[PDB]
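Student: If it helps, the file is called input-v7.pdb and holds PDB, C-alpha atoms:
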```pdb
ATOM      1  CA  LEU X   1       8.705  -8.394   7.275
ATOM      2  CA  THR X   2       8.636  -9.658   3.678
ATOM      3  CA  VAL X   3       6.252  -7.662   1.408
ATOM      4  CA  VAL X   4       4.868  -8.996  -1.884
ATOM      5  CA  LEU X   5       2.678  -6.778  -4.047
ATOM      6  CA  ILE X   6       0.267  -8.675  -6.264
ATOM      7  CA  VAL X   7      -0.913  -6.691  -9.309
ATOM      8  CA  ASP X   8      -4.032  -8.424 -10.724
ATOM      9  CA  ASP X   9      -7.579  -7.201 -11.554
ATOM     10  CA  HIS X  10      -9.427 -10.019  -9.817
ATOM     11  CA  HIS X  11      -9.890  -9.886  -6.099
ATOM     12  CA  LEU X  12     -10.144 -13.712  -6.032
ATOM     13  CA  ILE X  13      -6.589 -13.953  -7.396
ATOM     14  CA  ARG X  14      -5.071 -11.294  -5.118
ATOM     15  CA  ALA X  15      -6.823 -12.776  -2.030
ATOM     16  CA  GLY X  16      -5.921 -16.354  -2.945
ATOM     17  CA  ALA X  17      -2.236 -15.326  -3.264
ATOM     18  CA  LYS X  18      -2.365 -13.388  -0.006
ATOM     19  CA  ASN X  19      -3.921 -16.291   1.914
ATOM     20  CA  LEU X  20      -1.550 -18.833   0.421
ATOM     21  CA  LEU X  21       1.645 -16.818   0.846
ATOM     22  CA  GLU X  22       0.855 -15.361   4.209
ATOM     23  CA  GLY X  23      -0.006 -18.880   5.510
ATOM     24  CA  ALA X  24       3.182 -20.483   4.195
ATOM     25  CA  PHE X  25       5.695 -17.810   5.149
ATOM     26  CA  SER X  26       6.103 -16.485   8.712
ATOM     27  CA  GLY X  27       7.146 -12.881   8.235
ATOM     28  CA  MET X  28       5.069 -12.346   5.031
ATOM     29  CA  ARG X  29       2.686  -9.527   4.079
ATOM     30  CA  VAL X  30       0.774  -9.494   0.749
ATOM     31  CA  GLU X  31      -0.675  -6.244  -0.572
ATOM     32  CA  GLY X  32      -2.760  -5.807  -3.706
ATOM     33  CA  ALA X  33      -3.187  -3.481  -6.640
ATOM     34  CA  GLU X  34      -5.557  -3.791  -9.470
ATOM     35  CA  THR X  35      -3.598  -2.033 -12.205
ATOM     36  CA  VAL X  36      -0.028  -1.235 -13.244
ATOM     37  CA  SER X  37      -0.850   2.436 -12.793
ATOM     38  CA  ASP X  38      -2.178   1.733  -9.267
ATOM     39  CA  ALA X  39       0.946  -0.312  -8.533
ATOM     40  CA  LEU X  40       3.169   2.579  -9.647
ATOM     41  CA  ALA X  41       1.261   5.099  -7.487
ATOM     42  CA  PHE X  42       1.621   2.684  -4.548
ATOM     43  CA  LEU X  43       5.363   2.532  -5.203
ATOM     44  CA  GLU X  44       5.802   6.355  -5.431
ATOM     45  CA  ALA X  45       4.232   6.929  -2.068
ATOM     46  CA  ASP X  46       7.326   5.245  -0.624
ATOM     47  CA  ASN X  47       5.755   1.823  -0.052
ATOM     48  CA  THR X  48       8.624  -0.690  -0.269
ATOM     49  CA  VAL X  49       8.322  -4.299  -1.511
ATOM     50  CA  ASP X  50      10.528  -7.386  -1.836
ATOM     51  CA  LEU X  51       8.680  -8.714  -4.930
ATOM     52  CA  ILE X  52       5.938  -7.756  -7.386
ATOM     53  CA  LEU X  53       3.789 -10.489  -8.946
ATOM     54  CA  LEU X  54       2.427  -9.033 -12.149
ATOM     55  CA  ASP X  55      -0.530 -10.349 -14.050
ATOM     56  CA  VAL X  56      -0.599 -10.787 -17.802
ATOM     57  CA  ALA X  57       1.566  -6.539 -21.005
ATOM     58  CA  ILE X  58       5.358  -6.550 -21.272
ATOM     59  CA  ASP X  59       4.939  -2.787 -21.126
ATOM     60  CA  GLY X  60       3.627  -3.171 -17.503
ATOM     61  CA  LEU X  61       6.807  -5.079 -16.682
ATOM     62  CA  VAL X  62       8.926  -2.412 -18.371
ATOM     63  CA  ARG X  63       7.146   0.380 -16.506
ATOM     64  CA  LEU X  64       7.572  -1.289 -13.098
ATOM     65  CA  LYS X  65      11.289  -2.009 -13.699
ATOM     66  CA  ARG X  66      11.858   1.556 -15.070
ATOM     67  CA  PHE X  67      10.468   2.867 -11.732
ATOM     68  CA  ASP X  68      13.009   0.875  -9.663
ATOM     69  CA  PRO X  69      14.987  -2.036 -11.189
ATOM     70  CA  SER X  70      15.941  -3.098  -7.680
ATOM     71  CA  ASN X  71      12.457  -4.692  -7.197
ATOM     72  CA  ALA X  72      12.061  -8.286  -8.345
ATOM     73  CA  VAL X  73       9.129  -8.581 -10.704
ATOM     74  CA  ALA X  74       7.745 -11.973 -11.747
ATOM     75  CA  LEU X  75       4.928 -12.579 -14.155
ATOM     76  CA  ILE X  76       1.812 -14.665 -13.376
ATOM     77  CA  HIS X  77       7.390 -19.006 -25.228
ATOM     78  CA  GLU X  78       7.656 -15.683 -26.998
ATOM     79  CA  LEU X  79       6.064 -13.958 -24.014
ATOM     80  CA  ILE X  80       8.452 -15.702 -21.650
ATOM     81  CA  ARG X  81      11.398 -14.802 -23.907
ATOM     82  CA  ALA X  82      10.299 -11.161 -24.187
ATOM     83  CA  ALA X  83       9.731 -10.958 -20.390
ATOM     84  CA  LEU X  84      13.169 -12.219 -19.579
ATOM     85  CA  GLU X  85      14.802  -9.689 -21.924
ATOM     86  CA  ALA X  86      12.991  -6.926 -20.039
ATOM     87  CA  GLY X  87      14.426  -8.245 -16.766
ATOM     88  CA  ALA X  88      11.592 -10.481 -15.423
ATOM     89  CA  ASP X  89      12.680 -12.552 -12.422
ATOM     90  CA  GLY X  90      10.258 -15.298 -13.090
ATOM     91  CA  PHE X  91       7.209 -16.627 -14.828
ATOM     92  CA  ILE X  92       4.630 -18.634 -12.882
ATOM     93  CA  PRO X  93       1.654 -20.275 -14.655
ATOM     94  CA  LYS X  94      -1.736 -19.437 -13.077
ATOM     95  CA  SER X  95      -2.524 -23.174 -13.499
ATOM     96  CA  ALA X  96       0.390 -24.143 -11.188
ATOM     97  CA  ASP X  97      -0.453 -25.748  -7.851
ATOM     98  CA  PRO X  98      -0.049 -23.962  -4.432
ATOM     99  CA  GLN X  99       3.274 -25.575  -3.780
ATOM    100  CA  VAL X 100       4.852 -24.395  -7.031
ATOM    101  CA  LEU X 101       3.780 -20.793  -6.332
ATOM    102  CA  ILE X 102       5.149 -20.956  -2.785
ATOM    103  CA  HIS X 103       8.504 -22.377  -3.858
ATOM    104  CA  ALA X 104       8.836 -20.170  -6.941
ATOM    105  CA  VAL X 105       8.263 -17.178  -4.641
ATOM    106  CA  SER X 106      10.943 -18.440  -2.197
ATOM    107  CA  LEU X 107      13.468 -18.938  -4.987
ATOM    108  CA  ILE X 108      12.732 -15.555  -6.528
ATOM    109  CA  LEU X 109      13.037 -13.873  -3.120
ATOM    110  CA  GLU X 110      16.468 -15.522  -2.805
ATOM    111  CA  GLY X 111      17.679 -14.083  -6.135
ATOM    112  CA  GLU X 112      16.866 -17.092  -8.313
ATOM    113  CA  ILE X 113      14.476 -17.312 -11.301
ATOM    114  CA  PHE X 114      11.501 -19.623 -11.776
ATOM    115  CA  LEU X 115      10.400 -20.631 -15.270
ATOM    116  CA  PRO X 116       7.900 -23.343 -16.345
ATOM    117  CA  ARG X 117       9.524 -26.520 -17.740
ATOM    118  CA  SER X 118       7.730 -26.088 -21.093
ATOM    119  CA  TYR X 119      10.095 -23.182 -21.722
ATOM    120  CA  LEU X 120      13.191 -25.124 -20.622
TER     121      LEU X 120
ATOM    122  CA  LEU O   1      -0.247  -5.164  13.281
ATOM    123  CA  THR O   2      -1.700  -1.630  13.258
ATOM    124  CA  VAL O   3      -1.830   0.002   9.833
ATOM    125  CA  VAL O   4      -1.772   3.771   9.371
ATOM    126  CA  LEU O   5      -2.157   5.182   5.873
ATOM    127  CA  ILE O   6      -0.713   8.670   5.266
ATOM    128  CA  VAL O   7      -2.276  10.437   2.345
ATOM    129  CA  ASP O   8       0.207  13.185   1.454
ATOM    130  CA  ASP O   9       1.792  14.213  -1.766
ATOM    131  CA  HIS O  10       5.135  15.099  -0.109
ATOM    132  CA  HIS O  11       7.803  12.425   0.257
ATOM    133  CA  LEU O  12       9.495  13.991   3.283
ATOM    134  CA  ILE O  13       6.236  14.568   5.025
ATOM    135  CA  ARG O  14       5.283  10.858   4.502
ATOM    136  CA  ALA O  15       8.717   9.530   5.496
ATOM    137  CA  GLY O  16       8.799  11.894   8.521
ATOM    138  CA  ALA O  17       5.479  10.508   9.803
ATOM    139  CA  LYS O  18       6.508   6.917   9.066
ATOM    140  CA  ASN O  19       9.791   7.178  11.037
ATOM    141  CA  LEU O  20       8.116   8.995  13.912
ATOM    142  CA  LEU O  21       5.105   6.677  14.269
ATOM    143  CA  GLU O  22       6.889   3.331  13.632
ATOM    144  CA  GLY O  23       9.538   4.599  16.109
ATOM    145  CA  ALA O  24       6.957   5.186  18.807
ATOM    146  CA  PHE O  25       4.559   2.268  18.399
ATOM    147  CA  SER O  26       5.710  -1.366  18.349
ATOM    148  CA  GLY O  27       2.963  -2.996  16.338
ATOM    149  CA  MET O  28       2.655  -0.329  13.595
ATOM    150  CA  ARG O  29       3.215  -0.207   9.905
ATOM    151  CA  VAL O  30       2.827   3.138   8.140
ATOM    152  CA  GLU O  31       1.917   3.064   4.469
ATOM    153  CA  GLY O  32       1.619   5.978   2.034
ATOM    154  CA  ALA O  33      -0.688   7.185  -0.710
ATOM    155  CA  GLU O  34      -0.019  10.205  -2.911
ATOM    156  CA  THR O  35      -3.635  11.466  -3.146
ATOM    157  CA  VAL O  36      -7.184  10.685  -1.900
ATOM    158  CA  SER O  37      -7.820   9.102  -5.293
ATOM    159  CA  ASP O  38      -4.902   6.690  -4.891
ATOM    160  CA  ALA O  39      -5.941   6.045  -1.297
ATOM    161  CA  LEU O  40      -9.466   5.091  -2.488
ATOM    162  CA  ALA O  41      -8.086   2.741  -5.169
ATOM    163  CA  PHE O  42      -5.824   1.037  -2.557
ATOM    164  CA  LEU O  43      -8.771   0.586  -0.216
ATOM    165  CA  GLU O  44     -11.189  -0.660  -2.961
ATOM    166  CA  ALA O  45      -8.608  -3.312  -3.825
ATOM    167  CA  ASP O  46      -9.382  -4.717  -0.326
ATOM    168  CA  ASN O  47      -6.162  -3.546   1.362
ATOM    169  CA  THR O  48      -7.025  -2.799   4.962
ATOM    170  CA  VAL O  49      -5.925  -0.099   7.353
ATOM    171  CA  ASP O  50      -6.726   1.084  10.869
ATOM    172  CA  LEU O  51      -6.240   4.819  10.467
ATOM    173  CA  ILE O  52      -5.966   7.280   7.623
ATOM    174  CA  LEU O  53      -4.045  10.531   8.013
ATOM    175  CA  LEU O  54      -5.208  12.950   5.349
ATOM    176  CA  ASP O  55      -3.292  16.080   4.359
ATOM    177  CA  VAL O  56      -5.215  19.323   3.779
ATOM    178  CA  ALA O  57     -10.104  18.629   0.986
ATOM    179  CA  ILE O  58     -13.314  18.269   2.977
ATOM    180  CA  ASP O  59     -14.662  16.423  -0.086
ATOM    181  CA  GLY O  60     -11.694  14.014   0.291
ATOM    182  CA  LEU O  61     -12.620  13.409   3.932
ATOM    183  CA  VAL O  62     -16.236  12.966   2.891
ATOM    184  CA  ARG O  63     -15.240  10.488   0.098
ATOM    185  CA  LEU O  64     -13.048   8.398   2.424
ATOM    186  CA  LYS O  65     -15.725   8.076   5.150
ATOM    187  CA  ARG O  66     -18.614   7.302   2.812
ATOM    188  CA  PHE O  67     -16.303   4.667   1.322
ATOM    189  CA  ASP O  68     -15.388   2.866   4.604
ATOM    190  CA  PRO O  69     -16.944   4.334   7.795
ATOM    191  CA  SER O  70     -15.084   1.752   9.798
ATOM    192  CA  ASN O  71     -11.783   3.565   9.129
ATOM    193  CA  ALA O  72     -10.735   6.379  11.445
ATOM    194  CA  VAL O  73      -9.755   9.457   9.443
ATOM    195  CA  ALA O  74      -7.855  12.388  10.884
ATOM    196  CA  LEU O  75      -6.807  15.547   9.039
ATOM    197  CA  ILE O  76      -3.286  16.921   9.235
ATOM    198  CA  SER O  77      -3.453  20.590   8.288
ATOM    199  CA  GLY O  78      -1.132  23.494   7.627
ATOM    200  CA  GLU O  79      -4.116  25.668   8.727
ATOM    201  CA  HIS O  80     -12.622  27.209  13.040
ATOM    202  CA  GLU O  81     -14.942  26.865  10.018
ATOM    203  CA  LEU O  82     -12.529  24.326   8.524
ATOM    204  CA  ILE O  83     -12.294  22.222  11.689
ATOM    205  CA  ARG O  84     -16.056  22.591  12.194
ATOM    206  CA  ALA O  85     -16.803  21.403   8.625
ATOM    207  CA  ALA O  86     -14.370  18.468   9.174
ATOM    208  CA  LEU O  87     -16.075  17.297  12.370
ATOM    209  CA  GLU O  88     -19.562  17.406  10.809
ATOM    210  CA  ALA O  89     -18.177  15.277   7.939
ATOM    211  CA  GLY O  90     -17.055  12.858  10.674
ATOM    212  CA  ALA O  91     -13.293  13.475  10.932
ATOM    213  CA  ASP O  92     -11.758  11.716  13.934
ATOM    214  CA  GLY O  93      -9.097  14.370  14.442
ATOM    215  CA  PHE O  94      -7.358  17.498  13.263
ATOM    216  CA  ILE O  95      -3.647  17.749  13.869
ATOM    217  CA  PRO O  96      -1.843  21.055  13.042
ATOM    218  CA  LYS O  97       1.109  20.646  10.759
ATOM    219  CA  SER O  98       3.097  22.831  13.136
ATOM    220  CA  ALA O  99       2.372  20.452  16.051
ATOM    221  CA  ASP O 100       5.239  19.061  18.110
ATOM    222  CA  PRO O 101       6.062  15.502  16.998
ATOM    223  CA  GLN O 102       5.005  14.197  20.411
ATOM    224  CA  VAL O 103       1.528  15.677  20.054
ATOM    225  CA  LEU O 104       1.185  13.695  16.729
ATOM    226  CA  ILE O 105       2.088  10.450  18.596
ATOM    227  CA  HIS O 106      -0.425  11.129  21.344
ATOM    228  CA  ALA O 107      -3.123  12.184  18.888
ATOM    229  CA  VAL O 108      -2.551   8.928  17.019
ATOM    230  CA  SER O 109      -2.861   6.911  20.243
ATOM    231  CA  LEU O 110      -6.137   8.600  21.144
ATOM    232  CA  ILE O 111      -7.595   8.294  17.687
ATOM    233  CA  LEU O 112      -6.872   4.575  17.570
ATOM    234  CA  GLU O 113      -8.555   4.202  20.975
ATOM    235  CA  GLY O 114     -11.705   5.720  19.478
ATOM    236  CA  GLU O 115     -11.271   9.281  20.748
ATOM    237  CA  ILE O 116     -10.919  12.610  18.871
ATOM    238  CA  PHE O 117      -7.931  14.980  18.829
ATOM    239  CA  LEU O 118      -8.549  18.690  18.290
ATOM    240  CA  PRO O 119      -6.138  21.527  18.824
ATOM    241  CA  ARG O 120      -6.529  23.998  21.719
ATOM    242  CA  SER O 121      -7.070  26.858  19.164
ATOM    243  CA  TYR O 122     -10.480  25.339  18.403
TER     244      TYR O 122
END
```
Rewrite the structure of this file - the entire thing - as structure tokens.
Tutor:
Amino acid sequence: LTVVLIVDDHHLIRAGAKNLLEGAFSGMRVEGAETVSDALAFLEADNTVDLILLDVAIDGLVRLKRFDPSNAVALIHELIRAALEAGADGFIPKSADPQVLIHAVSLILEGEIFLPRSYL
Amino acid sequence: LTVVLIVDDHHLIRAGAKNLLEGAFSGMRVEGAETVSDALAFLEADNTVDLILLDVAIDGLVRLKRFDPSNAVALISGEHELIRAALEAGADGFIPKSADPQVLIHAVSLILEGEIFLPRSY
């Protein structure tokens, strides 16, 4: 089972991501947290994940990597640049269509990085 | 997929329950929470579970049941008044910490089927 933790303070966002990703991927489970601090407590209690999608600040990213750099963390120019330096595995616009999110997640789960073309 | 949340501040106690339960039941995923507070945040976020195993205290049981009565909640306790208080607050079970692993499996089966486990002591 693939496990993605979405860390965002709007239920609509976390549920949209869950419905999308669980529908597109066969062995996929999406769990939610509302804050960085809630995500870190989830992670201490031994709950393992393949990827964290983290809402946007860089300090959240730093905290989550500090806990366990073996977890991919992707965010959802300066920001992008800063994120990458802290070890972000991706940056997905919230404006991006379903298909982009699905394929960016695939790539990131395979060890690749997704960035928006604006940056590139 | 059956989801059991273990609310216990002790890594080995969590991992012990996860290995045992996932080992015994084919459709089961065991998740952890450090404290009742963290368990209530996880649940408010709209993460769903089938059964909550709470380490022991009664207020925590009370909080969890007022929050989502549709969740079964059983106490796992290192420790008659206590059990009695628990049941009145609606606990679905009380499993001694010193219980044989196989008793935990069978208590979990019963609790999921809508029954109550209580130790013989009581």
Student: Would you write out, as a tab-separated table, a table of all residues in chain O that have an atom no more than 10 Å from an atom of chain X, listing for each the closest atom pair and the distance in Å to one decimal, considering only C-alpha atoms and ordering rows by chain and rising residue number?
Tutor:
```
residue	atom	partner	partner_atom	distance
O:6	CA	X:45	CA	9.0
O:7	CA	X:45	CA	8.6
O:8	CA	X:45	CA	8.2
O:9	CA	X:45	CA	7.7
O:10	CA	X:45	CA	8.4
O:11	CA	X:45	CA	7.0
O:12	CA	X:46	CA	9.8
O:14	CA	X:45	CA	7.7
O:15	CA	X:46	CA	7.6
O:18	CA	X:46	CA	9.9
O:30	CA	X:47	CA	8.8
O:31	CA	X:47	CA	6.1
O:32	CA	X:45	CA	5.0
O:33	CA	X:45	CA	5.1
O:34	CA	X:45	CA	5.4
O:35	CA	X:41	CA	9.1
O:38	CA	X:41	CA	6.9
O:39	CA	X:42	CA	8.9
O:41	CA	X:38	CA	7.3
O:42	CA	X:33	CA	6.6
O:43	CA	X:33	CA	9.4
O:44	CA	X:34	CA	9.2
O:45	CA	X:33	CA	6.1
O:46	CA	X:32	CA	7.5
O:47	CA	X:31	CA	6.4
O:48	CA	X:31	CA	9.1
```
Student: For residue 102 of chain O, which residue among O:23, O:60, O:69, O:78 is the nearest when counting all atoms listed in the file?
Tutor: O:23
Student: With only C-alpha atoms as the basis for distance, which of X:109, X:12, X:61, X:100 is at the shortest distance from residue 87 of chain X?
Tutor: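 Answer, going by the shortest atom-to-atom distance: X:61.
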Student: What's the separation between atom CA of residue 117 of chain X and atom CA of residue 56 of chain X, in Å to one decimal place?
Tutor: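 Atom-to-atom, atom CA of residue 117 of chain X to atom CA of residue 56 of chain X, that is 18.7 Å.
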Student: Report as a short mmCIF file (atom, residue, chain, number, x, y, z; two decimals) with C-alpha atoms, in the frame of the given file the full result of the PyMOL selection byres ((chain X and resi 84) around 12) when it is applied to this structure.
Tutor:
```
data_model
loop_
_atom_site.label_atom_id
_atom_site.label_comp_id
_atom_site.auth_asym_id
_atom_site.auth_seq_id
_atom_site.Cartn_x
_atom_site.Cartn_y
_atom_site.Cartn_z
CA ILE X 58 5.36 -6.55 -21.27
CA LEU X 61 6.81 -5.08 -16.68
CA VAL X 62 8.93 -2.41 -18.37
CA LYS X 65 11.29 -2.01 -13.70
CA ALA X 72 12.06 -8.29 -8.35
CA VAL X 73 9.13 -8.58 -10.70
CA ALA X 74 7.74 -11.97 -11.75
CA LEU X 75 4.93 -12.58 -14.16
CA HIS X 77 7.39 -19.01 -25.23
CA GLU X 78 7.66 -15.68 -27.00
CA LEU X 79 6.06 -13.96 -24.01
CA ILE X 80 8.45 -15.70 -21.65
CA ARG X 81 11.40 -14.80 -23.91
CA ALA X 82 10.30 -11.16 -24.19
CA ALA X 83 9.73 -10.96 -20.39
CA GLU X 85 14.80 -9.69 -21.92
CA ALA X 86 12.99 -6.93 -20.04
CA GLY X 87 14.43 -8.24 -16.77
CA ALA X 88 11.59 -10.48 -15.42
CA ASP X 89 12.68 -12.55 -12.42
CA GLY X 90 10.26 -15.30 -13.09
CA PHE X 91 7.21 -16.63 -14.83
CA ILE X 113 14.48 -17.31 -11.30
CA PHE X 114 11.50 -19.62 -11.78
CA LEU X 115 10.40 -20.63 -15.27
CA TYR X 119 10.10 -23.18 -21.72
#
```
Student: Find the distance between atom CA of residue 19 of chain O and atom CA of residue 104 of chain O and write it in Å to one decimal.
Tutor: 12.2 Å
Student: Tell me, in Å to one decimal, how far atom CA of residue 55 of chain X is from atom CA of residue 6 of chain X.
Tutor: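 For atom CA of residue 55 of chain X relative to atom CA of residue 6 of chain X, the distance reads 8.0 Å.
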Student: Some atoms are absent from segment 79-92 of chain X, so rebuild N, CA and C atoms and return them as a tab-separated table (two decimals), in the frame of the given file.
Tutor:
```
chain	number	residue	atom	x	y	z
X	79	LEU	N	6.35	-14.78	-25.18
X	79	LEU	CA	6.06	-13.96	-24.01
X	79	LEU	C	7.16	-14.12	-22.99
X	80	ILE	N	7.39	-15.37	-22.59
X	80	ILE	CA	8.45	-15.70	-21.65
X	80	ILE	C	9.78	-15.09	-22.09
X	81	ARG	N	10.12	-15.28	-23.36
X	81	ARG	CA	11.40	-14.80	-23.91
X	81	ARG	C	11.47	-13.27	-23.81
X	82	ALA	N	10.40	-12.62	-24.25
X	82	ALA	CA	10.30	-11.16	-24.19
X	82	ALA	C	10.44	-10.62	-22.75
X	83	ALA	N	9.73	-11.28	-21.82
X	83	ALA	CA	9.73	-10.96	-20.39
X	83	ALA	C	11.12	-10.99	-19.82
X	84	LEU	N	11.82	-12.08	-20.09
X	84	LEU	CA	13.17	-12.22	-19.58
X	84	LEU	C	14.10	-11.13	-20.07
X	85	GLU	N	13.96	-10.75	-21.34
X	85	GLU	CA	14.80	-9.69	-21.92
X	85	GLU	C	14.57	-8.37	-21.22
X	86	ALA	N	13.33	-8.14	-20.79
X	86	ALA	CA	12.99	-6.93	-20.04
X	86	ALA	C	13.36	-6.99	-18.57
X	87	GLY	N	13.95	-8.11	-18.14
X	87	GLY	CA	14.43	-8.24	-16.77
X	87	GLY	C	13.48	-8.93	-15.79
X	88	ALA	N	12.52	-9.72	-16.30
X	88	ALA	CA	11.59	-10.48	-15.42
X	88	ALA	C	12.38	-11.52	-14.61
X	89	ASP	N	11.97	-11.70	-13.36
X	89	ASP	CA	12.68	-12.55	-12.42
X	89	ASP	C	11.97	-13.87	-12.29
X	90	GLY	N	11.03	-14.11	-13.18
X	90	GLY	CA	10.26	-15.30	-13.09
X	90	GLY	C	9.00	-15.25	-13.91
X	91	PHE	N	8.44	-16.43	-14.08
X	91	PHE	CA	7.21	-16.63	-14.83
X	91	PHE	C	6.49	-17.83	-14.24
X	92	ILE	N	5.37	-17.59	-13.57
X	92	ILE	CA	4.63	-18.63	-12.88
X	92	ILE	C	3.28	-18.81	-13.58
```
